[PDB]
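K.L.:
Below is a structure I'd like to ask you about.
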Amino acid sequence: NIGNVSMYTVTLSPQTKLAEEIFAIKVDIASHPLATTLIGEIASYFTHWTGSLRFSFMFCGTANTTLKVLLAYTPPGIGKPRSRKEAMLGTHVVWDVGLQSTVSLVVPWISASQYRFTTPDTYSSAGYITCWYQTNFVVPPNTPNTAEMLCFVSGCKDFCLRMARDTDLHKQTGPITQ
Amino acid sequence: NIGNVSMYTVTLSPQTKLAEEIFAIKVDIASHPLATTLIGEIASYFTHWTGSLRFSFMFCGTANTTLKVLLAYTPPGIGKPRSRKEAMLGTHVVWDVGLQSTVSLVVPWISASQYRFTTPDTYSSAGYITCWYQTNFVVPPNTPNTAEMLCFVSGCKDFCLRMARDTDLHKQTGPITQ
Amino acid sequence: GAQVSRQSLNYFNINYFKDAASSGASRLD
Amino acid sequence: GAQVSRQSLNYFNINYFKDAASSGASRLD
Amino acid sequence: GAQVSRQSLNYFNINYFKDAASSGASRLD
Amino acid sequence: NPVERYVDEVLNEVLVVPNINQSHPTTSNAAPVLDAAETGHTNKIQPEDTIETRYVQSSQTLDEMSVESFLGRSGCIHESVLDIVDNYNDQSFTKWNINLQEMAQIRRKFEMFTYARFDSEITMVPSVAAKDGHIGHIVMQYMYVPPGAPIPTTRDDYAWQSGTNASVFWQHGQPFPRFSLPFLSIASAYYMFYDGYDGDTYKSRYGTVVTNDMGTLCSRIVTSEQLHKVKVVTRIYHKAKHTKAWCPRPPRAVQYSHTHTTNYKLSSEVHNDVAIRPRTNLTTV
Amino acid sequence: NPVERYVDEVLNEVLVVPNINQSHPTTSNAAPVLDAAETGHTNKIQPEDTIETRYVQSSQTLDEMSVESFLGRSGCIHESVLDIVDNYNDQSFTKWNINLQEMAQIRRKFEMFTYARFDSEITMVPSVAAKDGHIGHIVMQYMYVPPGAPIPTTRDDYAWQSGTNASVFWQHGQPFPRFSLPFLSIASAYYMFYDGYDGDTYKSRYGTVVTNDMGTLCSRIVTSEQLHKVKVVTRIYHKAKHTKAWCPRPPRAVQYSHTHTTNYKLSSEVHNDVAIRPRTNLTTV
Amino acid sequence: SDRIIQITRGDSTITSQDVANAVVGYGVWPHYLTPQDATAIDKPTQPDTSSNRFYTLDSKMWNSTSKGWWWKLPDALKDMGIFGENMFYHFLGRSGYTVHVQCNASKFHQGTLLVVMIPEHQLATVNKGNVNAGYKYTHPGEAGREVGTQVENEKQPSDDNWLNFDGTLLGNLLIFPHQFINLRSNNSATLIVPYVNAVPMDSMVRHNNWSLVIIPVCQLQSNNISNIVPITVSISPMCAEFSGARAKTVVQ
Amino acid sequence: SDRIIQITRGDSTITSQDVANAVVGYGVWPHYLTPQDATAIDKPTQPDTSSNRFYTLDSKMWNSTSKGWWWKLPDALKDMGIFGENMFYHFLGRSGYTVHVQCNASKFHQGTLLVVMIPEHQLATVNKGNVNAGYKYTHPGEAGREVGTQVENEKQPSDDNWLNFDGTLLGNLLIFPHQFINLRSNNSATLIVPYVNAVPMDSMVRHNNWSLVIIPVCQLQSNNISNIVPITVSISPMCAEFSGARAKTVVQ
Ligand SMILES: Cc1cc(CCCOc2c(C)cc(-c3noc(C(F)(F)F)n3)cc2C)on1
Ligand SMILES: Cc1cc(CCCOc2c(C)cc(-c3noc(C(F)(F)F)n3)cc2C)on1
Ligand SMILES: [Zn+2]
Ligand SMILES: [Zn+2]
């Protein structure tokens, strides 16, 4: 997908098995795939970070397509949830698709220390965001059987970066000439 | 005894000869065996010391074991006492073992100069602490015929260290690696 | 060229050269 | 950045840089 | 650390370091 | 209080972040978590709205994240080389078409904005390599030749007189030279990007090369020819002071290839050209 | 009085010790000399209670015994070596995983506390050894690469641009470089000891290596290759400023063996591994 | 009487008619995290009396050759009722403790136990280079570790009681909150310690804040050795609070 | 908009953009036990946000032949995080609930679910004399009971949805707190019920206070039957409090 707009969308569709997993990524603001987002890129210019993260999702399907999904944040000290039931026990939002296309899940700052390292460091890995089918993707007849979803990220009022450093998300391996 | 907890205890028992000597050490806060105590270790980070020292002793025998002991401090300018009578002429405390397990002997600051060197230096050697049987170690039948005693040390309100210096109670003879 | 303050905590914001470009990093907000 | 005192014995506690880390050893107690 | 005098002839006896040992030669009598 | 503000500067507590307040369970038809990204606005929902939070007094400050701080660190922008190999007259002087586009690190940071206005602090780090053993007495001359001023063509060109241009003489052994420059543009701000040309024909130039001419930095070893050959490399460092930036933009995602242009190159496997790391699949953290 | 306190600083009489008062003969059923160490408290008996003392005005001060004073002396924490032997490009730069665990003297003092919070003063002492005769013009670059920042892999790596990282350039002949660092932890204090891991499996790391990552100190000889080879050794010195310590602990009793760990080694005759000197017997002073 | 003590925590009450007073570590009584020192923003859970109660561990047998015992908190309570449940369902935990060590014999017995509470007791390994104590070994649970028994393994911690299992001399442990159980004087020790750490809350699973060390400095002796003299430990969390709820963490 | 709802409990927030308002059983909002009504004298434990959060059960599949489903509380949450742990470590428990049933389809689907919360739903057996429903059968857990599937056993409960599984007519269930999920109007149902019992607190193990019954009264129909239409249940305890702590009870 890299090098194509599709790398930005997640596909949803009618399921035959219940509570299937949709996506899963680390919450760490500077880890992949969050790294190249604007907040991830800026975070990569600092050594420390703190604060709550705001993840938003916009359903791109038809107006007649319905869906209920469960978005969960798993605080650290445990592996990523292997099931919806396991994920649901943590911080989560049940998203009902309707007139308002977008939903937001806030990943509260839940850490032992006031700050964490922006670079992938064991001690300060902040947890995961997983997405699961709460009910199912349902459509009337003669309607596309799949739909896309866009995912956004930004920081909350308490987000903050510290200790300026050079980024490793960009390099120069030769002379830049005239 | 070094390398065993027994290096910290002094054994007492019924005597057949009167006024026997129990232990004898220099009072100098940084001399051996006082050197590795916390106050001795800290004193070893300075060049000068002054003030009164507090030596305490806790009887570890049975509740039915009795004993009277004489703890003495011999100010300098004379050799360590060769007998209880000789020691008793100096600063001392007669300790009676009873409900209160611990006794304290204060070694008052008795010096020509306001301070002394912490390192073993003739001119500033502060004297000795000796311990002698005042009466005897007595027990009823069917009771262990020996008992241990623990010895403590700390400084009084007038204790003070001066002129910071590196310690010779610890070294590095090679590289400390990762 | 000193912006002497008082409080006593007397602040002394000195500009050694006669050009604005010469002074150090700016204050915030 | 001077904490000018007076008594006349005028104390001048000066902080040459704008960071707390930059100043010398702290006062006691 | 300045013992500022006045008369105007303002004397400025400054001690640059925080130790008495650091200052220069003593005054007489 | 000009003194209370002083303390905030020393402690770096000028820009404080808000506290998190205690929140409670809710049941309402007001749903903050729901919105519409189509509007182009970011949902302003905070943690107190999605979970029951406790009260917490924030102590973080945004000072270090200020534009002044982000662009206020001295970075290398040029590495001038004077290498005496076999002809002192030809090799003891050189020139550079000034620009902030040759080094990726500082270039990327400035380019995170469309326009920027700032004064500059230039610091030079000269280092004399003794190729044959000694370095003798090295004295350097750096002269700023604004566009239009005569450019020296020999180590003794009359232009080195610097009757009007600013020149800085450095003597080996003395501290690193440094000076300040006021905002230099003929416009109100420097163009980090410029979607325009210097004409209207197929041969007109495109980009910032049209608006960012800064002149030439000429330099020479003042010291006359010496027995032992040296190689003097002067590295130039730049820092922005008293800065303002406008219209933030996406960070450079691929390597730079040339100055004053956003041109880039792509390989047959584009994932190698960007910092994005291939994921095994959607659910592999 | 901010001026009376000033005098105490100059004279070092901020923390005075109490006087000894005259005491007299006593006969009472209140026995201060008797107590119970089992309680875990130290008998607070003073000399006036065990002997008849005279009155004495104390003049000693505890200033020098303060934590600020104890940990406020600059000691060596690293000895960086750049030795040009046969390949300038490979040998003219190096890196160090920063830590305060490699030199026993300052390490032991900090480790007499469980937690410590302080700012740092780093002072560098570079010395250029002329292996072949001359040293030419030596210019050094020291760059702090915080965890995450790109680490240079060649003497000309773009990272040396230091567009954001702090770098200090020193020129041989100029005074020793020095700078201050603010308390750097993501926690409220540095862990001198840490009874924890970075996971919960048999392969998780144990100790301060988990909490004390400080990044890398990269350095290079800025000067390009010279005829005569040199060996530059830069010794780094550290000092704590504005210090606070918590929970004192037993001093290191055996030699250190590795960084971030309390591990130690014992010989077949342990009395040789500790400062304790064997006594002939209980009564031999 | 100053020889008697009654400690009530939750639904538990412990007594001793021969105490040597009590110790409050660093003179700070345990208290809940305040908003000025807190960092995690979700509302904490405070089980109160269902977690702040005395939990009695497995008793140990003290004999003439015992070299000592140690436990680590909160590890030792990982399987103790509600408190234990809470330390695994949450990422963060915070707690103080009341440690009551029990040991009685007779007025014809003698022996002395040094009871210590050490903050950040980072164990060492001996003659094993930079290999450190394995997670498994510093997480023995209520069973604790019996000094001088474990059949050595590479990742096994130091078992030298005279060197505090960490390269420091035993005689100086008194600088930490402590008490002695001198059979002739008392039959118990009581230490109340507050939460101590460089962060307001922490992982109860991967960070042991306190370590309880018990070393017999004065050997157990009597003329009735057949009568077993046990040592029993009862610990009660105080102001226990947890944060960052989720599924239950499973170790190993 | 009165069609939208957001419910936040602990660290969970649930939304629905097509609700039919909400119901508060008997108009009484859940609240903690007061000292005037309490009988047990030990201080209760109140997990607060670690227990008063939404727990999502296993989803069910609704099809043209579905006869219905039922769950019992607190049984259904016996294995749900801290709440579950608390109901087994204590003798007594007390809790209210926010029950949010979820079911979406399309504007071209039709079907109607009667969602009911019954207090003391004492199940019956059919044609089996005085033999009553076995403990095992009225304690199915989060899986609940699927009407019309279970292969009959002697102690198995009545499976007649038209007789409310208890000898009363379905049409009258509306006298209990309830809502309908009429596919053409809403995609969820929300019921908030207070603690209801003849005693202030009770055994969470042997007494199920409320029963959640879901019966499709209007059959599910559409011209796209292959698209599975699930029904999902999320329940959040409210003012959960427990008393009489001890070891953890193990059932069966
Ligand atoms: C956009 C934008 C803004 C700028 C200005 C870059 C600064 O460039 C310089 C430098 C590096 C040095 C001098 C300079 N002035 O005097 C000297 C001397 F001492 F070197 F002669 N050098 C002048 C300019 C405009 O370039 N692009
Ligand atoms: C605990 C504890 C606390 C610390 C901090 C040790 C200080 O380490 C350094 C040093 C020695 C130098 C720099 C440094 N910053 O800039 C430079 C430059 F000039 F060398 F680039 N060096 C940064 C840190 C964090 O390490 N362990
Ligand atoms: Zn020469
Ligand atoms: Zn030479």
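Residues are referred to by chain and number: the chain letter is A, B, ... according to the order shown in the structure tokens, the number counts from 1 in that chain, and ligands are numbered separately from 1 in the order shown.
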Tell me, as a compact mmCIF listing (two decimals) with N, CA and C atoms, in the first residue's frame, which residues lie within 7 Å of residue 124 of chain H, counting only C-alpha atoms; anything in the same chain fewer than 5 positions away does not count.
P.N.:
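Below is the file that was written, out-v2.txt:
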# COMPACT_ATOMS: atom_id res chain seq x y z
N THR G 261 24.59 -1.98 37.64
CA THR G 261 24.31 -3.18 38.41
C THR G 261 25.14 -3.25 39.67
N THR G 262 24.57 -3.85 40.71
CA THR G 262 25.25 -3.97 41.98
C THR G 262 26.08 -5.24 42.06
N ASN G 263 26.16 -5.98 40.95
CA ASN G 263 26.94 -7.21 40.91
C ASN G 263 28.36 -7.00 41.44
N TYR G 264 28.93 -8.06 41.99
CA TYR G 264 30.29 -7.99 42.53
C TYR G 264 30.94 -9.36 42.46
N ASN H 132 22.35 -10.13 35.39
CA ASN H 132 21.63 -9.74 36.58
C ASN H 132 20.59 -10.73 37.06
N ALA H 133 20.09 -10.50 38.27
CA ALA H 133 19.08 -11.36 38.88
C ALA H 133 17.83 -11.44 38.00
N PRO H 157 20.19 -14.57 42.30
CA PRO H 157 20.75 -13.46 43.07
C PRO H 157 21.80 -13.88 44.08
N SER H 158 22.55 -12.90 44.58
CA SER H 158 23.56 -13.13 45.61
C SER H 158 22.85 -13.64 46.86
N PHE H 165 23.23 -8.88 50.04
CA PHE H 165 22.82 -9.38 48.73
C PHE H 165 23.00 -8.31 47.66
N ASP H 166 23.76 -7.26 47.97
CA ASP H 166 23.96 -6.17 47.01
C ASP H 166 25.31 -5.45 47.04
K.L.:
Kindly work out which residues sit at most 12 Å from ligand 4, using only C-alpha atoms and all ligand atoms, and give the list as a PyMOL selection string.
P.N.:
(chain F and resi 130+132-136+228) or (chain G and resi 130-136+227-228)
K.L.:
Write a file of the selected residues as an mmCIF file, in the first residue's frame, keeping N, CA, C and O atoms.
P.N.:
data_model
loop_
_atom_site.group_PDB
_atom_site.id
_atom_site.type_symbol
_atom_site.label_atom_id
_atom_site.label_comp_id
_atom_site.auth_asym_id
_atom_site.auth_seq_id
_atom_site.Cartn_x
_atom_site.Cartn_y
_atom_site.Cartn_z
ATOM 1 N N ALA F 130 47.239 20.533 8.944
ATOM 2 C CA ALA F 130 48.646 20.589 8.570
ATOM 3 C C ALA F 130 48.994 19.399 7.675
ATOM 4 O O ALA F 130 49.302 18.307 8.156
ATOM 5 N N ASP F 132 51.585 19.195 5.559
ATOM 6 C CA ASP F 132 53.015 18.930 5.509
ATOM 7 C C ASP F 132 53.707 19.037 6.859
ATOM 8 O O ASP F 132 54.906 18.791 6.954
ATOM 9 N N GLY F 133 52.971 19.406 7.902
ATOM 10 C CA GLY F 133 53.591 19.496 9.212
ATOM 11 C C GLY F 133 53.305 20.744 10.024
ATOM 12 O O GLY F 133 52.846 20.652 11.159
ATOM 13 N N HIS F 134 53.576 21.913 9.460
ATOM 14 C CA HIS F 134 53.348 23.162 10.177
ATOM 15 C C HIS F 134 52.174 23.890 9.567
ATOM 16 O O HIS F 134 51.742 23.564 8.467
ATOM 17 N N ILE F 135 51.666 24.886 10.281
ATOM 18 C CA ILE F 135 50.560 25.675 9.770
ATOM 19 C C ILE F 135 50.953 27.146 9.764
ATOM 20 O O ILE F 135 50.204 27.993 9.284
ATOM 21 N N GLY F 136 52.137 27.442 10.292
ATOM 22 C CA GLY F 136 52.604 28.816 10.339
ATOM 23 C C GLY F 136 51.613 29.725 11.042
ATOM 24 O O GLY F 136 51.008 29.339 12.043
ATOM 25 N N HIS F 228 54.878 24.950 3.884
ATOM 26 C CA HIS F 228 53.987 23.817 4.093
ATOM 27 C C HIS F 228 52.549 24.104 3.696
ATOM 28 O O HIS F 228 51.964 25.106 4.103
ATOM 29 N N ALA G 130 51.122 14.534 20.727
ATOM 30 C CA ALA G 130 51.812 14.572 19.444
ATOM 31 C C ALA G 130 52.615 13.286 19.246
ATOM 32 O O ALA G 130 53.752 13.168 19.705
ATOM 33 N N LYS G 131 52.013 12.324 18.559
ATOM 34 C CA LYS G 131 52.659 11.048 18.308
ATOM 35 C C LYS G 131 53.794 11.141 17.302
ATOM 36 O O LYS G 131 54.781 10.422 17.413
ATOM 37 N N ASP G 132 53.663 12.027 16.322
ATOM 38 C CA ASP G 132 54.703 12.165 15.314
ATOM 39 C C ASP G 132 55.465 13.479 15.392
ATOM 40 O O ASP G 132 56.397 13.693 14.624
ATOM 41 N N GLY G 133 55.077 14.363 16.305
ATOM 42 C CA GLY G 133 55.794 15.620 16.426
ATOM 43 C C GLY G 133 54.960 16.883 16.512
ATOM 44 O O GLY G 133 55.106 17.658 17.452
ATOM 45 N N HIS G 134 54.088 17.104 15.537
ATOM 46 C CA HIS G 134 53.258 18.303 15.532
ATOM 47 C C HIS G 134 51.826 17.929 15.829
ATOM 48 O O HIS G 134 51.460 16.761 15.765
ATOM 49 N N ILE G 135 51.012 18.928 16.143
ATOM 50 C CA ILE G 135 49.606 18.684 16.410
ATOM 51 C C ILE G 135 48.761 19.548 15.485
ATOM 52 O O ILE G 135 47.537 19.439 15.469
ATOM 53 N N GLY G 136 49.422 20.401 14.708
ATOM 54 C CA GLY G 136 48.709 21.275 13.793
ATOM 55 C C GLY G 136 47.665 22.110 14.509
ATOM 56 O O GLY G 136 47.896 22.588 15.620
ATOM 57 N N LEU G 227 49.178 15.363 8.372
ATOM 58 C CA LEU G 227 50.327 14.488 8.196
ATOM 59 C C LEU G 227 50.685 13.729 9.467
ATOM 60 O O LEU G 227 50.767 12.504 9.459
ATOM 61 N N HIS G 228 50.896 14.453 10.557
ATOM 62 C CA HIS G 228 51.257 13.822 11.820
ATOM 63 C C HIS G 228 50.056 13.329 12.609
ATOM 64 O O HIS G 228 49.094 14.064 12.831
#
K.L.:
Work out how far atom CA of residue 5 of chain D is from atom CA of residue 1 of chain G, in Å to one decimal.
P.N.:
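Rounded to one decimal, the two atoms are 8.6 Å apart.
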K.L.:
Please report, as JSON lines, each residue of chain F lying at most 10 Å from chain C, together with the nearest pair of atoms and the separation in Å rounded to one decimal; use only C-alpha atoms, and order rows by chain and ascending residue number.
P.N.:
{"residue": "F:1", "atom": "CA", "partner": "C:7", "partner_atom": "CA", "distance": 8.5}
{"residue": "F:2", "atom": "CA", "partner": "C:5", "partner_atom": "CA", "distance": 6.3}
{"residue": "F:3", "atom": "CA", "partner": "C:11", "partner_atom": "CA", "distance": 6.2}
{"residue": "F:4", "atom": "CA", "partner": "C:7", "partner_atom": "CA", "distance": 8.7}
{"residue": "F:5", "atom": "CA", "partner": "C:27", "partner_atom": "CA", "distance": 9.5}
{"residue": "F:6", "atom": "CA", "partner": "C:11", "partner_atom": "CA", "distance": 7.3}
{"residue": "F:7", "atom": "CA", "partner": "C:11", "partner_atom": "CA", "distance": 9.7}
{"residue": "F:9", "atom": "CA", "partner": "C:27", "partner_atom": "CA", "distance": 7.8}
{"residue": "F:12", "atom": "CA", "partner": "C:28", "partner_atom": "CA", "distance": 9.7}
{"residue": "F:14", "atom": "CA", "partner": "C:28", "partner_atom": "CA", "distance": 6.9}
{"residue": "F:15", "atom": "CA", "partner": "C:29", "partner_atom": "CA", "distance": 7.8}
{"residue": "F:62", "atom": "CA", "partner": "C:28", "partner_atom": "CA", "distance": 9.8}
{"residue": "F:63", "atom": "CA", "partner": "C:28", "partner_atom": "CA", "distance": 7.1}
{"residue": "F:64", "atom": "CA", "partner": "C:28", "partner_atom": "CA", "distance": 9.7}
{"residue": "F:66", "atom": "CA", "partner": "C:28", "partner_atom": "CA", "distance": 7.4}
{"residue": "F:67", "atom": "CA", "partner": "C:28", "partner_atom": "CA", "distance": 9.1}
{"residue": "F:68", "atom": "CA", "partner": "C:26", "partner_atom": "CA", "distance": 6.9}
{"residue": "F:69", "atom": "CA", "partner": "C:25", "partner_atom": "CA", "distance": 8.3}
{"residue": "F:72", "atom": "CA", "partner": "C:25", "partner_atom": "CA", "distance": 7.3}
{"residue": "F:73", "atom": "CA", "partner": "C:25", "partner_atom": "CA", "distance": 10.0}
{"residue": "F:118", "atom": "CA", "partner": "C:21", "partner_atom": "CA", "distance": 8.9}
{"residue": "F:119", "atom": "CA", "partner": "C:21", "partner_atom": "CA", "distance": 5.7}
{"residue": "F:120", "atom": "CA", "partner": "C:21", "partner_atom": "CA", "distance": 7.4}
{"residue": "F:121", "atom": "CA", "partner": "C:22", "partner_atom": "CA", "distance": 8.1}
{"residue": "F:179", "atom": "CA", "partner": "C:22", "partner_atom": "CA", "distance": 7.7}
{"residue": "F:180", "atom": "CA", "partner": "C:22", "partner_atom": "CA", "distance": 5.4}
{"residue": "F:181", "atom": "CA", "partner": "C:21", "partner_atom": "CA", "distance": 6.0}
{"residue": "F:182", "atom": "CA", "partner": "C:21", "partner_atom": "CA", "distance": 5.0}
{"residue": "F:183", "atom": "CA", "partner": "C:21", "partner_atom": "CA", "distance": 7.9}
{"residue": "F:239", "atom": "CA", "partner": "C:25", "partner_atom": "CA", "distance": 9.8}
{"residue": "F:240", "atom": "CA", "partner": "C:25", "partner_atom": "CA", "distance": 8.4}
{"residue": "F:241", "atom": "CA", "partner": "C:25", "partner_atom": "CA", "distance": 5.3}
{"residue": "F:242", "atom": "CA", "partner": "C:26", "partner_atom": "CA", "distance": 5.1}
{"residue": "F:243", "atom": "CA", "partner": "C:26", "partner_atom": "CA", "distance": 7.8}
K.L.:
Could you tell me which of G:178, G:238, G:24, G:137 comes closest to ligand 3 if we count only C-alpha atoms and all ligand atoms?
P.N.:
G:137
K.L.:
Which residues in segment 16-94 of chain A does DSSP call alpha helix (DSSP H)? List them as a list in words.
P.N.:
residues 38, 39, 40, 41, 42, 43, 84, 85, 86, 87 and 88 of chain A
K.L.:
Skipping near chain neighbours, those fewer than 2 positions away, what residues fall within 7 Å of residue 144 of chain G using only C-alpha atoms, listed as a list in words?
P.N.:
residues 142, 146, 165, 166, 167, 216, 217 and 218 of chain G
K.L.:
If you keep C-alpha atoms, can you produce a file of those selected residues as a PDB file, in the first residue's frame?
P.N.:
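So part_8.pdb came out as:
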ATOM      1  CA  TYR G 142      31.237  17.209  20.974  1.00  0.00           C
ATOM      2  CA  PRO G 146      19.512  12.347  22.897  1.00  0.00           C
ATOM      3  CA  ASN G 165      21.238  18.751  19.000  1.00  0.00           C
ATOM      4  CA  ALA G 166      23.578  20.788  21.154  1.00  0.00           C
ATOM      5  CA  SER G 167      27.219  20.733  20.067  1.00  0.00           C
ATOM      6  CA  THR G 216      24.966   9.262  23.426  1.00  0.00           C
ATOM      7  CA  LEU G 217      27.905  11.680  23.464  1.00  0.00           C
ATOM      8  CA  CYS G 218      29.392  11.755  19.970  1.00  0.00           C
TER       9      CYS G 218
END
K.L.:
What is the distance between atom CA of residue 143 of chain B and atom CA of residue 221 of chain H, in Å to one decimal?
P.N.:
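Spanning atom CA of residue 143 of chain B to atom CA of residue 221 of chain H is a straight-line distance of 9.0 Å.
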K.L.:
Please, which residues of chain D, numbered as in this document, come out strand (DSSP E) from DSSP, as a PyMOL selection string?
P.N.:
chain D and resi 2-4+12-14
K.L.:
Output the selection as a short mmCIF file (atom, residue, chain, number, x, y, z; two decimals), in the first residue's frame - N, CA and C atoms for each residue.
P.N.:
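File result_9.cif, as written:
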data_model
loop_
_atom_site.label_atom_id
_atom_site.label_comp_id
_atom_site.auth_asym_id
_atom_site.auth_seq_id
_atom_site.Cartn_x
_atom_site.Cartn_y
_atom_site.Cartn_z
N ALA D 2 19.90 40.44 39.08
CA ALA D 2 20.65 40.63 40.33
C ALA D 2 19.73 40.82 41.53
N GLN D 3 19.99 40.07 42.59
CA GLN D 3 19.20 40.16 43.81
C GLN D 3 19.95 41.08 44.79
N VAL D 4 19.94 42.37 44.45
CA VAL D 4 20.61 43.41 45.23
C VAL D 4 20.07 43.61 46.65
N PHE D 12 25.16 41.40 45.89
CA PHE D 12 24.76 41.34 44.48
C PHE D 12 24.76 39.91 43.94
N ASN D 13 23.65 39.20 44.17
CA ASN D 13 23.52 37.82 43.70
C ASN D 13 23.12 37.85 42.22
N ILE D 14 24.11 37.75 41.33
CA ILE D 14 23.86 37.80 39.88
C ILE D 14 23.78 36.47 39.13
#
K.L.:
Compile the contact shell of segment 245-258 of chain F as a ChimeraX atom specification: residues with an atom at most 7 Å away, counting only C-alpha atoms, same-chain residues fewer than 6 positions apart removed.
P.N.:
/A:38,170-172,176-178 /F:108,112-117,264,273-274
K.L.:
Pick out the chain A residues within 9 Å of chain H. Count only C-alpha atoms. Give them as a ChimeraX atom specification.
P.N.:
/A:52,73-79,81,85-91,108-115
K.L.:
Using only C-alpha atoms, which protein or nucleic acid residues come within 10 Å of segment 237-240 of chain I? Drop anything in the same chain fewer than 6 positions from it, and give the result as a PyMOL selection string.
P.N.:
(chain F and resi 25) or (chain I and resi 9-10+29-33+44-55+73-74+77+83+86-87+93-99+192-195)
K.L.:
Please provide the set of residues having any atom within 9 Å of residue 36 of chain H, restricted to only C-alpha atoms, with same-chain residues fewer than 3 positions apart removed, written as a PyMOL selection string.
P.N.:
(chain F and resi 55-59) or (chain H and resi 33+39)
K.L.:
Store the residues picked out above, limited to N, CA and C atoms, as a CSV table (one decimal), in the first residue's frame.
P.N.:
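Result file follows (out-v8.csv):
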chain,number,residue,atom,x,y,z
F,55,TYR,N,-8.5,15.0,39.2
F,55,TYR,CA,-8.0,16.4,39.1
F,55,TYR,C,-6.4,16.2,39.2
F,56,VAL,N,-5.8,16.9,38.2
F,56,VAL,CA,-4.3,16.9,38.2
F,56,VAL,C,-3.8,18.3,37.8
F,57,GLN,N,-2.8,18.7,38.6
F,57,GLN,CA,-2.2,20.0,38.4
F,57,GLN,C,-1.0,19.9,37.4
F,58,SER,N,-1.2,20.4,36.2
F,58,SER,CA,-0.2,20.3,35.2
F,58,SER,C,1.0,21.2,35.5
F,59,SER,N,2.2,20.7,35.2
F,59,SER,CA,3.5,21.5,35.5
F,59,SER,C,4.3,21.6,34.2
H,33,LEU,N,-2.3,9.7,47.0
H,33,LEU,CA,-1.7,10.6,46.1
H,33,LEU,C,-2.5,11.9,45.9
H,39,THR,N,0.3,12.3,38.1
H,39,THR,CA,0.6,12.5,36.7
H,39,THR,C,-0.5,11.7,35.8
K.L.:
Got a sec: who's within 7 Å of segment 225-231 of chain H, counting only C-alpha atoms, leaving out chain neighbours fewer than 5 positions off, as a list in words?
P.N.:
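Contacts, with the query itself left out: residues 59, 60, 61, 62, 102, 103 and 105 of chain H.
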K.L.:
Using only C-alpha atoms, which residues of chain G come within 12 Å of chain A, and what is the closest atom pair for each, with the distance in Å to one decimal? Give it as CSV, sorted by chain and residue number.
P.N.:
residue,atom,partner,partner_atom,distance
G:143,CA,A:165,CA,10.9
G:144,CA,A:165,CA,8.9
G:145,CA,A:165,CA,7.2
G:146,CA,A:165,CA,6.4
G:147,CA,A:119,CA,6.6
G:148,CA,A:119,CA,4.9
G:149,CA,A:166,CA,5.3
G:150,CA,A:168,CA,5.2
G:151,CA,A:168,CA,9.0
G:152,CA,A:171,CA,11.1
G:153,CA,A:173,CA,11.3
G:154,CA,A:173,CA,11.1
G:156,CA,A:173,CA,9.9
G:157,CA,A:173,CA,7.8
G:158,CA,A:172,CA,6.0
G:159,CA,A:166,CA,7.9
G:160,CA,A:166,CA,10.3
G:161,CA,A:166,CA,9.6
G:162,CA,A:166,CA,7.2
G:163,CA,A:166,CA,6.6
G:164,CA,A:166,CA,5.0
G:165,CA,A:165,CA,4.9
G:166,CA,A:165,CA,8.2
G:167,CA,A:165,CA,11.2
G:181,CA,A:163,CA,11.3
G:182,CA,A:163,CA,10.4
G:183,CA,A:163,CA,11.3
G:184,CA,A:163,CA,8.7
G:185,CA,A:115,CA,8.6
G:186,CA,A:115,CA,4.9
G:187,CA,A:113,CA,5.2
G:188,CA,A:113,CA,8.0
G:189,CA,A:113,CA,10.4
G:190,CA,A:113,CA,11.8
G:196,CA,A:123,CA,10.4
G:197,CA,A:123,CA,8.3
G:198,CA,A:123,CA,5.2
G:199,CA,A:77,CA,7.7
G:200,CA,A:77,CA,8.5
G:201,CA,A:78,CA,11.7
G:204,CA,A:122,CA,9.8
G:205,CA,A:122,CA,10.0
G:206,CA,A:123,CA,11.3
G:207,CA,A:123,CA,11.7
G:208,CA,A:123,CA,11.1
G:209,CA,A:123,CA,10.2
G:210,CA,A:123,CA,6.5
G:211,CA,A:123,CA,7.2
G:212,CA,A:123,CA,10.4
G:213,CA,A:121,CA,9.5
G:214,CA,A:47,CA,10.4
G:215,CA,A:47,CA,9.8
G:216,CA,A:165,CA,12.0
